[PDB]
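Chains as they are written, first to last, in the authors' numbering: chain A, 67 to 106, 121 to 480; chain B, 67 to 106, 119 to 480. The beta-carbon is built from N, C-alpha and C at its ideal position, and this holds for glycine as well.
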Amino acid sequence: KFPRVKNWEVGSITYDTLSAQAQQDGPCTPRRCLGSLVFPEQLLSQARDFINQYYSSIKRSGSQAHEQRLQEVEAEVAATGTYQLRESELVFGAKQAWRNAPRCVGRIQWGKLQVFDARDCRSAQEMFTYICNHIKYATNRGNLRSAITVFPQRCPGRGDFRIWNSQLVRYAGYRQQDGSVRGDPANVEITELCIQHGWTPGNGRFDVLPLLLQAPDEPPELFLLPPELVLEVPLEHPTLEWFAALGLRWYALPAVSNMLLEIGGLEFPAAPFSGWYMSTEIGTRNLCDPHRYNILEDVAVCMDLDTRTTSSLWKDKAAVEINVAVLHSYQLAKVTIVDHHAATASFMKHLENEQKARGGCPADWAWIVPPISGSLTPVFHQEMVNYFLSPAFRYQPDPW
Amino acid sequence: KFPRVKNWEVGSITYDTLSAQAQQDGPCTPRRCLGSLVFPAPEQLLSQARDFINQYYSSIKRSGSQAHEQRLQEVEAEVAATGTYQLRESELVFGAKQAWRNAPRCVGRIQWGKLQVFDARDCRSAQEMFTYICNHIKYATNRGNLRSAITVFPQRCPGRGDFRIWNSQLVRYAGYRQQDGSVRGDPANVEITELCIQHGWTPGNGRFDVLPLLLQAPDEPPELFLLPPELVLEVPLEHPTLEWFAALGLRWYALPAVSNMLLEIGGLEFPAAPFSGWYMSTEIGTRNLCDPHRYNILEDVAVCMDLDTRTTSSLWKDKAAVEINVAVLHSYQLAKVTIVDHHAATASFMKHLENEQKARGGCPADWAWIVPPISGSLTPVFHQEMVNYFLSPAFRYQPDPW
Ligand code: HEM
Ligand code: HEM
Ligand SMILES: Cc1cc(N)nc(COc2cc(CCN3CCCCC3)cc(F)c2F)c1
Ligand SMILES: Cc1cc(N)nc(COc2cc(CCN3CCCCC3)cc(F)c2F)c1
Ligand SMILES: C[C@H](O)[C@H](O)[C@H]1CNc2nc(N)[nH]c(=O)c2N1
Ligand SMILES: C[C@H](O)[C@H](O)[C@H]1CNc2nc(N)[nH]c(=O)c2N1
Ligand SMILES: [Ca+2]
Ligand SMILES: [Cl-]
Ligand SMILES: [Cl-]
Ligand SMILES: [Gd]
Ligand SMILES: [Gd]
Ligand SMILES: [Zn+2]
């Protein structure tokens, strides 16, 4: 009942005893494994279990402070139907949700996270100011710092705080009567919503979208980000002088704004968080996916590669040089970035720390292994166990 | 509803209705997924036999016919008299092809209909076993124009030991435990190498010494057979533009031939049934040569390429790995030995998924093994959601016979 977990490069064995605490059910059954799918009053028992986590975590189990908080939340729910997190419980819950995210390779950093309490917010104009402060703190002139801003929780009878954009920074995507997309094809739908709610569209490949922010029970509001606030890195290559001329760029801050944060039975539908990029996210997935910017053949043609036979590995050669450009360009601009080798080596260290700290670590192998040079990284050779712990980040229906 | 399955490159959506027919359970539960783990009686025989027979008569579009009902009655009576039964020859060919078709971790299944099936069920000794294997290697190699093949030795039966091939593949290089604690040769083969020496083989001292075969006839210790060197086709590795690469003295063999899996057809078990196809270049170029626990050449190649190996951010590992894969492909093509690169292989597997969706309403597939070990998202299978499950006929892992 305790899964055996092997590392095939070293031969080491561990046992995952934490998977026994898996609160929710995932998508897999003895009949069939669905791990590759992207999307696959009892409030009291969740709230209770989270409080024990917290007090165990501060070595104060069953103390008087423990017993007081329990009867506190009980009466709070027997008065409003919900309850309020202490400021520190909220900090601990934000960090745990990151620490519990199976698909995140960056979790070596989970204990260093700047939590911004925005639960006293109302109106989208105040959202916009909270969001802009986050962006300024987290950017930090290119020396990136992790952060999350927690907006008011869901509660009965009242609407929700939602950020309609999937990320704080996104490039527009426009269509034409030859079907194709100019800009980011991933953002065709959000972009027509922005036009639909008032935004006057640009016409470039890297037009930074406005924010569609939604306060409870009102239509969303358009907000433009100040250009000096969004840090961008123009892409060039250390030795291919023509790479600069392709006009590629990307932005500094990966900041996810459409996921729901769950803490002790409470739910926060607006709680955007940000870290810094791993280079393959930009250089492999965003620029080279066939449904994203899809620039691989452009770059290959500029490198004079043989694109008419697969076995020349022209796609592989072009992909590496794009990733080299991404790394060189972020370093040159003094913006924090981490390559997939450094990152996966740090996750291996995270797995070892977590094994000792709590007997295991929920990890999603298909998302931990980088999208280039998979078996050149140590995580490829590491067996993993995927399960859901709480507090947690979850996907949620779009607001429309 | 059955599982919904999306392709993210195209946006298209299928439902895997075939997975509802899965038998032997897998290792996942709703509480935790173990998809990343490498290794995770009369009435039961009859239900398996009946289902297989139904599968056969479906395949030739003769379900419910007179011949279909008589063959079921025939298998039922043999099981009642003997506790077991025998496949018809046609059923054995069909079953071996279905086992390949059902293999979730194989990216080469577009070919599953073109499999040469050698029937060795009347084999009686380890000497005859070796003759069958030599004829298999000769047929499959075909002087570099490789042909997929399987040789099926006698099935498991009560009161008699199994035929087994002790080697994991028919062609494997020796791995000598060096006296430091290091390895000369292939470190994956230290155990089978030491068993061959312990069984009378005089070992060499190179990095690419072909191992002998240890063949086990029922109720018999394994016996040693040396493959004839003219049967074992190899490819010296060179690079089309890096001329020093040839001086590395690298080689690989032409024929990938797995010999230690168990073939299961209609409840019957064939513990010795070696099968072979042709290589995908990343198996050689990336895993066999660049795994840290295998030949581990990545750093030496990069140094020779004059890359900056003192910082990961140069992506020296990715550059040297690409050029090693280029060399593998160039060298097999120069030697006129069949090989397929990971872009063509994964493109053909997408065509197979489409065929199977139409033919059976689904395809069991293990994403982590179908996605190649370099350039994963540059290939189309990366963006294809997959459903992993066990169908029969099947190839299964089995314990090592020692
Ligand atoms: C600090 C550096 C960080 C790095 C390098 C990093 C890296 C990554 C990567 C590569 C993914 C896979 C996403 C994809 O490929 O689309 C991911 C997912 C994720 N990250 Fe991290 N991340 C970082 C920080 C954070 C922070 C600060 C949080 C929250 C406080 C977080 C929470 C998550 C979550 C919930 C996911 C799951 C997304 C999904 O399921 O698609 N990460 N991260
Ligand atoms: C014809 C060309 C073929 C190609 C290109 C091919 C390719 C592959 C590859 C790349 C793998 C993953 C193996 C690994 O990484 O260790 C694999 C696995 C597998 N192949 Fe194929 N194969 C071919 C022919 C065959 C044939 C003829 C059979 C059986 C009749 C077969 C049965 C299997 C099985 C059972 C596995 C799964 C092994 C496991 O569970 O680990 N393949 N194949
Ligand atoms: C903090 C952070 C750092 C980093 N370096 N990287 C990320 C990116 O993490 C995510 C990536 C996605 C991909 C979105 N995808 C759209 C298509 C359908 C499936 C969902 C969704 C999320 F929620 C994420 F947090 C976040
Ligand atoms: C016919 C054929 C063609 C081809 N091109 N390639 C293959 C590779 O097939 C296998 C390869 C291995 C490698 C050893 N591997 C180590 C990690 C854990 C699993 C076993 C084991 C198996 F069983 C296989 F069938 C087979
Ligand atoms: C279908 C498949 O699950 C999908 O392409 C996944 C695979 N692994 C991934 N891994 C990461 N890090 N990010 C992703 O978006 C995906 N996508
Ligand atoms: C731990 C992990 O399951 C293991 O390294 C797997 C991953 N995917 C693989 N995929 C293939 N094709 N071959 C392999 O050996 C492996 N190894
Ligand atoms: Ca038109
Ligand atoms: Cl991104
Ligand atoms: Cl191999
Ligand atoms: Gd030119
Ligand atoms: Gd040269
Ligand atoms: Zn699973």
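Chain B residues whose Cβ lies nearer than 7 Å to that of A/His430: In chain order: nothing, as chain B lies at least about 17 Å away.
Please list, in chain order, all residues of the same chain as A/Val185 whose beta carbon is under 6 Å from its beta carbon, the five residues on each side excluded. Answer for A/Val185: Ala423, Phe427 and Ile448, listed in chain order.
At least one CB of chain A closer than 8 Å to the CB of B/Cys274: is that the case? Residue-level contact check: B/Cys274 does not touch chain A, since none of the beta carbons of chain A fall below 8 Å from its beta carbon.
So with CB distances below 9 Å, who are the chain B contacts of A/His371? The answer, in chain order, is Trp74, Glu75, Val76, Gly77 and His461.
Short of 8 Å in beta carbon distance, which residues of its chain neighbour A/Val261, apart from the five on each side in sequence? Order them along the chain. If the five residues before and after A/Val261 are omitted, its C-beta is found closer than 8 Å to the C-beta atoms of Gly253, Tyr254, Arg255 and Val268, all from its own chain and listed in chain order.
Nearest candidate by alpha-carbon position, reference A/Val336, set A/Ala159, A/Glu167, A/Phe323 and A/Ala351: Closest by alpha carbon: A/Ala351.
Please find out if some non-hydrogen atom of ligand 8 comes closer than 7 Å to the beta-carbon of A/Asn366. True, at least one ligand heavy atom lies under 7 Å from that Cβ.
DSSP beta-bridge partners for B/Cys441? When DSSP reads this structure, B/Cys441 sits in no beta bridge, so it has no partner.
Reducing DSSP to helix, strand and coil, say where B/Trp394 ends up. Correct three-state label for B/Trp394: helix.
At the 8 Å Cβ level, is A/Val465 part of the contact set with chain B, yes or no? Yes, A/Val465 lies at the interface with chain B (some Cβ there is under 8 Å from its Cβ).
C-alpha distance - B/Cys94 paired with B/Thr364, whole-angstrom precision: Going from the Cα of B/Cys94 to the Cα of B/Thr364 covers about 29 Å.
I think A/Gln189 touches A/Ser226, with their Cβ atoms under 8 Å apart; what is that distance to the nearest whole Å? Their Cβ separation, rounded to whole angstroms, is 6 Å, which keeps A/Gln189 and A/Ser226 in contact under 8 Å.
Scan the region 266–296 of chain A for residues whose Cβ lies nearer than 9 Å to a Cβ of chain B and list them as they occur along the chain. Result list empty, no residue passes.
Are the Cβ atoms of B/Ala405 and B/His317 separated by less than 8 Å? Their beta carbons are under 8 Å apart, which means B/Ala405 touches B/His317 by this criterion.
Anything in the region 321–349 of chain B with a Cβ closer than 9 Å to a Cβ of chain A? List those residues in chain order, please. Hits within the stretch: zero.
Short check: CB of A/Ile417 to CB of A/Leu407, under 8 Å? Contact: yes.
Sort B/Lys67, B/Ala446 and B/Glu206 by Cα distance to A/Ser455 and report the nearest one. Closest by alpha carbon: B/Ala446.
Between the region 180–195 of chain B and chain A, which residues of the former have a C-beta closer than 7 Å to a C-beta of the latter? In summary, no residue of the region 180–195 of chain B has a CB separated from any CB of chain A by less than 7 Å.
Interface residues of chain B around A/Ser455 at Cβ under 8 Å? The answer, in chain order, is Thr364, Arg365, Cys368, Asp369, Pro451 and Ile452.
A/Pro314 - DSSP class collapsed to helix/strand/coil: Note: A/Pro314 maps to strand in three-state DSSP.
Count the C-beta pairs between the region 202–218 of chain A and the region 262–281 of chain A that are closer than 8 Å, then say yes if the count reaches three, no if not. Proximity of the region 202–218 of chain A to the region 262–281 of chain A falls short of the contact definition, fewer than three beta-carbon pairs being nearer than 8 Å.
Find out if the Cβ-Cβ distance for the pair A/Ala443, A/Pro106 is shorter than 8 Å. No, Cβ-Cβ distance for A/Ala443 and A/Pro106 is not below 8 Å.
May I ask you to report which of helix, strand or coil DSSP gives A/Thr364? A/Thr364 falls in the helix class under three-state DSSP.
Leaving aside the five residues before and after B/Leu385 along the sequence, list all residues of the same chain whose C-beta is less than 8 Å from its C-beta, in chain order. Answer for B/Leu385: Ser392, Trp394, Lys397 and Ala398, listed in chain order.
Hey, how far is the Cα of A/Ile243 from the Cα of A/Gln205? Cα-Cα distance, rounded: 12 Å.
Which ranges does the beta strand (DSSP E) cover as unbroken runs of at least 3 residues, wholly within the region 278–337 of chain B, from first to last along the chain? Those beta strand (DSSP E) runs which fall completely within the region 278–337 of chain B and span 3+ residues are 291–294, 301–303, 312–314 and 329–331.
List, in order along the chain, the chain A residues whose C-beta lies closer than 9 Å to that of B/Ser246? None at all; the shortest Cβ gap to chain A is about 15 Å.
For A/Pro451, count the other beta carbons within 10 Å of its own beta carbon; 16 or more makes it buried, fewer makes it exposed. Which is it? Classification for A/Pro451: buried.
A/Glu463 (DSSP reduced to helix, strand or coil): Three-state result, A/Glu463: coil.
Go ahead and label A/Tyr135 buried or exposed: buried means 16 or more other beta carbons lie within 10 angstroms of its beta carbon, across all protein chains shown. Sixteen is the threshold: when 16 or more other Cβ atoms of the shown chains lie within 10 Å of the Cβ of A/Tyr135, as they do, the residue is buried.
What residues in its chain sit with their C-beta under 7 Å from that of residue 115 of chain A, if we drop five residues either side in the sequence? Residues lacking coordinates in chain A include everything strictly between 106 and 121, among them residue 115 of chain A.
So if DSSP puts B/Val195 in a beta bridge, which residue, or which two residues, is it bridged to? For B/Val195, the beta-bridge partners assigned by DSSP are B/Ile228.
Identify, in the order they occur along the chain, each residue of the same chain with its Cβ nearer than 8 Å to the Cβ of A/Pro69, setting aside the five sequence neighbours on each side. Sequence-distant Cβ neighbours of A/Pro69 in its own chain, meaning closer than 8 Å and more than five residues away, are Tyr81, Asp82, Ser85 and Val465.
By Cβ distance below 6 Å, which residues in the same chain neighbour A/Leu302 in space, the five residues on each side in sequence not counted? The residues are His277, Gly278, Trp279 and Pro290.
Which residues neighbour ligand 11 when neighbourhood means a C-beta less than 7 Å away from any of its non-hydrogen atoms? List them by chain order. Near ligand 11, residues with a Cβ at less than 7 Å from any of the ligand's heavy atoms are B/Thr319, B/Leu320 and B/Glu321; the list follows chain order.
Could you tell me whether any non-hydrogen atom of ligand 5 is closer than 7 Å to the CB of B/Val310? Checking every heavy atom of ligand 5 against the Cβ of B/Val310, none is found closer than 7 Å.
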